[PDB]
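Laboratory data are not the source of any read-out in this text; all were calculated from the coordinates shown. Every residue, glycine among them, receives a Cβ derived from its backbone with ideal geometry; neighbour counts consider all protein chains shown.
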């Protein structure tokens with residue numbers, strides 16, 4: 001069944017649906033130092049605009065982040081069902097760190 | 001591991017606030033000369049430190 005313990009929901013969880021593999025980048029908030037993640041296919045224009053050093057800062061929803069030095073990865077979006085009959089969206093990368101119920 | 005983790009270059013707004021606090025504080029925040037003088041002194045001290 002390949003179930004994993006999700007810490008945040010204190011429950012076992014199970015993979016229902018796979019997305020295709022998206023390239024993803026990391027954006028760190030300027031004020032708080034917070035760290036976010038973003039689909040490169042959506043923000044492609046602005047990201048390439050920062051790669052050309054022209055406008056060096058990416059604004060999203062009035063909160064502005066700086067692109068990290070590399071942080072370019074290939075991840076798979078997953079719909080993870082919970083034992084409550086619940087649904088979450090989780091990255092491949094994060095669901096991978098989680099702890100198996102049967103190994 | 002001498003680096004402090006999660007630190008990033010300041011936004012042009014937050015950065016302009018540094019050249020502004022040296023001037024703009026004086027006319028805008030308060031016009032009382034005591035507070036103006038003392039605040040300019042505080043800014044100098046803390047920038048130096």
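Tabulated data
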{"item": "Residue within the stretch B:4-22 that is in a loop (DSSP other than H, G, I, E, B), away from chain A (no Cβ under 14 Å), under 27 Å from residue A:32 (Cβ atoms) and under 10 Å from the mean Cα position of the chain (by Cα) present", "result": "yes"}
{"item": "Count - residues of the stretch A:32-45 that are within 14 Å of chain B (Cβ to nearest Cβ) and assigned to a strand (DSSP E or B)", "result": "2"}
{"item": "Filter pass, residue A:80 being surrounded by 17 or more Cβ atoms within 10 Å (Cβ to Cβ) and closer than 23 Å to residue B:13 by Cβ", "result": "no"}
{"item": "Subset tally (residues that are over 11 Å from the mean Cα position of the chain (by Cα) and in contact (Cβ under 8 Å) with a residue 40 or more places away in the chain) for the stretch A:59-98", "result": "14"}
{"item": "Matching option when the condition is within 14 Å of chain B (Cβ to nearest Cβ) and assigned to a strand (DSSP E or B), among A:23, A:71", "result": "A:71"}
{"item": "Any hit, the stretch B:27-44, residues being more than 14 Å from every other protein chain (Cβ to nearest Cβ), without any contact (Cβ under 8 Å) to a residue 12 or more places away in the chain, within 28 Å of residue A:58 (Cα to Cα) and part of a helix (DSSP H, G or I)", "result": "no"}
{"item": "Residue that is within 14 Å of another protein chain (Cβ to nearest Cβ) and either more than 30 Å from residue B:16 (Cα to Cα) or under 16 Å from the mean Cα position of the chain (by Cα) (or both), where the choices are A:9, A:29", "result": "A:29"}
